[PDB]
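Trainee:
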Amino acid sequence: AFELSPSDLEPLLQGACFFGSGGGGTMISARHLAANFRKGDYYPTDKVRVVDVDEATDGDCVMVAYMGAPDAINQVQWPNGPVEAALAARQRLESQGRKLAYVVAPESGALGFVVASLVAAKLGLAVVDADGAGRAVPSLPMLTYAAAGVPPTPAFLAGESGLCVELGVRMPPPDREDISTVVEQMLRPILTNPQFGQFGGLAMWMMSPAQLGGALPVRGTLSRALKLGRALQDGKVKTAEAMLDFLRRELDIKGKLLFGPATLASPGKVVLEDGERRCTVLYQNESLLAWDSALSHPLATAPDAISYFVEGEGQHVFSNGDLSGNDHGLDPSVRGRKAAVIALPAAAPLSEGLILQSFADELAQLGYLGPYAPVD
Amino acid sequence: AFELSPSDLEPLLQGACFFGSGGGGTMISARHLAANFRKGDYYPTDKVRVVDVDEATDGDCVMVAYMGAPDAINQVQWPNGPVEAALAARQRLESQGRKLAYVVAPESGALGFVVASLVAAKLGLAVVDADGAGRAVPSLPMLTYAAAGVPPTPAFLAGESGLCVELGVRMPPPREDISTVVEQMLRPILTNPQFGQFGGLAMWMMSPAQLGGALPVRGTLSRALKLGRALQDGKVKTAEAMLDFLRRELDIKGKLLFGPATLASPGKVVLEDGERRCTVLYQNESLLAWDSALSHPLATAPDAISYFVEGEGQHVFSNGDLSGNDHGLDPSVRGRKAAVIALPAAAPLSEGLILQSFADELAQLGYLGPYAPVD
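As you go down the protein sequences, you meet chains A and B in turn. If you read the first sequence in the numbering used here, its first letter stands for residue 457, the second for the next number, and so on. If you read the second sequence in the numbering used here, its first letter stands for residue 750, the second for the next number, and so on.
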């Protein structure tokens, strides 16, 4: 439907970061990768073709991404791992008489769309304007791919030199954890192997055009990330109120102001104080809960997204990783500016069924065993 | 070439235990599995076809075994895991227009040959009379399959209830050995809750042509059965007799390192003979033997280090089989005097890459000296 250019990666990652609910990869590593995107030896093209789910019909699709420790990922310059993983998936599809023609980010976040875009440009594929949740999630069963029941394996993990590992999982008949969870439980340790270096490219959930539809119910996530990013980069939204206005009027999203704007205190949680009024946002990577000291129930809970907005001039959106810095352990920029916490209503496919249960389980591990209470 | 019957498994695991250099799986876990070997609902036959390496030409072969925690493994009664892993290999090969006709143990040991034999009878395959070392080994690179460059993956790990995982590894040049990398990934997978610390393993798929080169140490299964039978028929009751038997019947020039002597209570095993003391160091397999009075070890891997308890009854024990309820030892151990015997390594183990693999292992245990063949 449309195409991306190198200059579109900056606003894209910005918007995606805000839709990442605190997780989804740091803008730092996203910028590191985007800085080298330009036609040349490595990238045969400068343009990235992006198609809608209903257009992705001339071949099969696969989810592609980076997985592992951010510390290691923040050092990457080129996406060798993801490119190599997607190539393994393409080769397998070729051996089965099919053509790999599409890649897709697993979730919404600074890295997700960028990685998928770079891989597509590198292999001559098209990236789907969609992802598994419309937000960033701590684990695989929270993505629509898992709910739709797309076989998770063969899964491909790849290094930056040429190391490639394949993983296949067959669960025994129900008598039992989610197959997605099991796969994730086995993939992550493999990346701790010296050959990987705590991170690596991932390629899984290969799909035929038939599976795509039900597998990707949350759509237009890449384009909305780009539209918001452009407005951010252009300085059209410098206040929490302006962010809510933009979301409502331009993206038809009714976000809720959970707290602030207040001051971010020095540090998995981040605290904000508004004069004898404390708010604590709990996160694994992604923010999952927001607590007001004075209330027995949380302000918001996943699947609803929880995102920060730092008012003033400069970077307005940050992932939890991006907030960490050299000042008081906080980024020197955030130190001194008023920050707010915004909740975004989860997209419909996440608000019920297996995905919701998956979220309840994750939250249960974090101590919240109440029901899902839509901010909307 | 020949068939095994249920009554042949006891002798087999006993003789194999002795050629296990202290490791290769416990005799108790091996006995748990063999005790249930009979035609019935699980096994379609009481026979186990065993073939020579140059005789295994009617199809491909694959290494098969149990991997993981001894505590969890010795609780099993049927080789579901290895059987399922072998099955996954057969269908992969079949999907590629090839036939899986054989299985082979990875090493000599109480569990090795027994698991391979039960898998074979279960799936209608034959077991190859050989293993990758002629002894039990601590890690994959010390096996001839690794030295031969047989691709390790696809590797299949299977649980006892239907769980089946596949691992594939393709590396780049110019880093460790692929065997080592594969093992470092295979093991953590088994610690996953779905596996419960252990599992069945099928890897190093081979064509008849690859089999030959990959398996230079041969006749180890029948070699194990031959000794085990001798042990069971009361033909060898002393270390002296054992040394004699190995020489006359198996053409093996063994060496008495220490004893007969008494065992100690509290990975090391100590023996005391009057004023002298011998300590055998082990992970699972015994790797070094020390005499408190000598600055150099009495023996070192690749040479096998094995025990022989004199008297009537059980003469062979893996390090794991010695742990008991008496003084921390097996009730029947303490009362009798035991000896430590070293078996010269098979030629393929005392040279090239496999030798260096043994050196690195030994180094991590403190011994940075060179290999000194007992023979």
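The C-beta atom is built at its ideal place from N, Cα and C for all residues, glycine as well.
Whole-angstrom Cβ separation of residue 830(B) and residue 1067(B), contact assumed at under 8 Å?
Mentor: Their Cβ separation, rounded to whole angstroms, is 20 Å, which puts residue 830(B) and residue 1067(B) out of contact at 8 Å.
Trainee: Which residues in chain A have a C-beta closer than 7 Å to the C-beta of residue 921(B)? List them in chain order.
Mentor: Those within 7 Å of residue 921(B) in chain A are 617, 618, 619.
Trainee: Which residues in chain B sit within 9 Å of residue 645(A), going by Cβ to Cβ distance?
Mentor: Per Cβ cutoff of 9 Å: 934, 937, 938, 940, 941.
Trainee: Buried or exposed: which applies to residue 804(A), given that a residue is buried once 16 or more other Cβ atoms fall within 10 Å of its Cβ?
Mentor: When all chains shown are included, residue 804(A) counts as exposed.
Trainee: With a threshold of 16 other CB atoms inside 10 Å of the CB of residue 649(A), please say whether the residue is buried or exposed.
Mentor: Answer is buried; the Cβ neighbour count reaches 16.
Trainee: Run the CB neighbour count on residue 902(B), radius 10 Å, all protein chains shown included, and call it buried at 16 or more, exposed below.
Mentor: With 16 or more Cβ atoms within 10 Å of its Cβ, residue 902(B) is classed as buried.
Trainee: At a CB-CB cut-off below 8 Å, which residues of chain A make contact with residue 1062(B)?
Mentor: Ordered by position in chain A, no residue passes the 8 Å Cβ test against residue 1062(B), which lies about 41 Å from the chain.
Trainee: So, using beta-carbon positions, are residue 760(A) and residue 830(A) closer together than 9 Å?
Mentor: Yes, these two residues count as a Cβ contact at 9 Å.
Trainee: Using a Cβ cut-off of 8 Å, pull out every chain B residue sitting near residue 623(A), in sequence order please.
Mentor: Under the 8 Å cutoff, chain B gives 914, 915, 916, 917.
Trainee: Would you call the region 1054 to 1061 of chain B in contact with the region 1076 to 1093 of chain B, where contact means no fewer than 3 C-beta pairs closer than 8 Å?
Mentor: The region 1054 to 1061 of chain B is in contact with the region 1076 to 1093 of chain B.
Trainee: Whole angstroms are fine: how far does the CA of residue 788(B) sit from the CA of residue 849(B)?
Mentor: Computed Cα separation, rounded: 23 Å.
Trainee: Could you tell me how far apart the beta carbons of residue 479(A) and residue 565(A) are, in whole angstroms, since I believe they sit closer than 8 Å?
Mentor: About 6 Å; that satisfies the 8 Å criterion.
Trainee: Note down, in chain order, every chain B residue with its Cβ under 8 Å from the Cβ of residue 638(A).
Mentor: Within 8 Å Cβ-Cβ: 941, 943.
Trainee: Should residue 506(A) and residue 469(A) be called a contact, given that it needs their Cβ atoms to be closer than 9 Å?
Mentor: For residue 506(A) and residue 469(A), no; Cβs fall outside 9 Å.
Trainee: Give a yes or no on whether the minimum CB-CB distance between residue 631(A) and chain B is below 9 Å.
Mentor: Yes - at least one Cβ of chain B is within 9 Å of the one on residue 631(A).
Trainee: Skipping 5 residues on each side, what residues in its chain have a beta carbon closer than 7 Å to that of residue 856(B)?
Mentor: Contacts found: 773, 880, 881, 882, 884, 885, 886, 892.
Trainee: Give me the residue from 617(A), 632(A), 773(A), 664(A) with the minimum Cα distance to residue 923(B).
Mentor: For the residues 617(A), 632(A), 773(A), 664(A), the minimum Cα distance to residue 923(B) belongs to 617(A).
Trainee: Just the C-alpha distance for residue 907(B) and residue 835(B), rounded to the nearest angstrom, thanks.
Mentor: Their backbone Cα atoms lie some 9 Å apart in a straight line.
Trainee: In the DSSP output, what is residue 558(A) paired with across the bridge?
Mentor: Answer is 517(A), 582(A).
Trainee: Helix, strand or coil for residue 616(A) per DSSP?
Mentor: Residue state, collapsed to three classes: coil.
Trainee: Just tell me which of 981(B), 1049(B), 1071(B) has its CA closest to the CA of residue 1117(B).
Mentor: The candidate whose alpha carbon is nearest that of residue 1117(B) is 1049(B).
Trainee: Relative to the C-alpha of residue 918(B), which residue among 626(A), 628(A), 620(A), 489(A) is closest?
Mentor: Considering only alpha carbons, the answer is 620(A).
Trainee: Give me the DSSP bridge partner(s) of residue 1114(B).
Mentor: Answer is none; residue 1114(B) lacks a bridge partner.
Trainee: Specify, as a first and last residue, the run of the beta strand (DSSP E) that residue 717(A) falls within.
Mentor: Residues 712 to 720.
Trainee: Give a yes or no on whether the minimum CB-CB distance between residue 513(A) and chain B is below 9 Å.
Mentor: By this cut-off, residue 513(A) is not an interface position.
Trainee: Select from the region 715 to 735 of chain A all residues with a C-beta closer than 7 Å to any C-beta belonging to chain B, and list them in chain order.
Mentor: If the cut-off is 7 Å between Cβ atoms, the region 715 to 735 of chain A has nothing near chain B.
Trainee: Can we say the region 1069 to 1088 of chain B touches the region 1005 to 1012 of chain B, given the rule of at least three CB pairs closer than 8 Å?
Mentor: Touching, yes.
Trainee: Measuring CB to CB, does residue 930(B) end up less than 9 Å from residue 651(A)?
Mentor: Contact: yes.
Trainee: Which class does residue 804(A) belong to by DSSP, given the choice of helix, strand or coil?
Mentor: Residue state, collapsed to three classes: helix.
Trainee: Output yes or no for whether 9 Å exceeds the beta carbon distance between residue 746(B) and residue 838(B).
Mentor: This structure leaves residue 746(B) out entirely; chain B is present only between 750 and 1124.
Trainee: Beta carbon of residue 994(B), beta carbon of residue 817(B): below 9 Å?
Mentor: Contact flag unset, no.
Trainee: Expressed to the nearest angstrom, what Euclidean distance is found between the alpha-carbon atoms of residue 1109(B) and residue 1032(B)?
Mentor: Distance between the alpha carbons of residue 1109(B) and residue 1032(B) is about 14 Å.
Trainee: By a C-beta neighbour count over all protein chains shown, 10 Å radius and 16 as the cutoff for buried, is residue 823(B) buried or exposed?
Mentor: Buried is the call here.
Trainee: To test your reading of the DSSP string, which unbroken beta strand (DSSP E) runs of 3 or more residues are found completely within the region 682 to 707 of chain A?
Mentor: Runs of the beta strand (DSSP E) inside the region 682 to 707 of chain A: none found.
Trainee: Pop quiz: residue 606(A) and residue 666(A) are said to be a contact at Cβ under 8 Å. What is the actual Cβ separation, rounded to whole angstroms?
Mentor: Going by Cβ atoms, the distance from residue 606(A) to residue 666(A) rounds to 11 Å, so no, they are not a contact pair.
Trainee: Under 9 Å between the Cβ atoms of residue 810(A) and residue 472(A)?
Mentor: Cβ atoms of residue 810(A) and residue 472(A): not closer than 9 Å.
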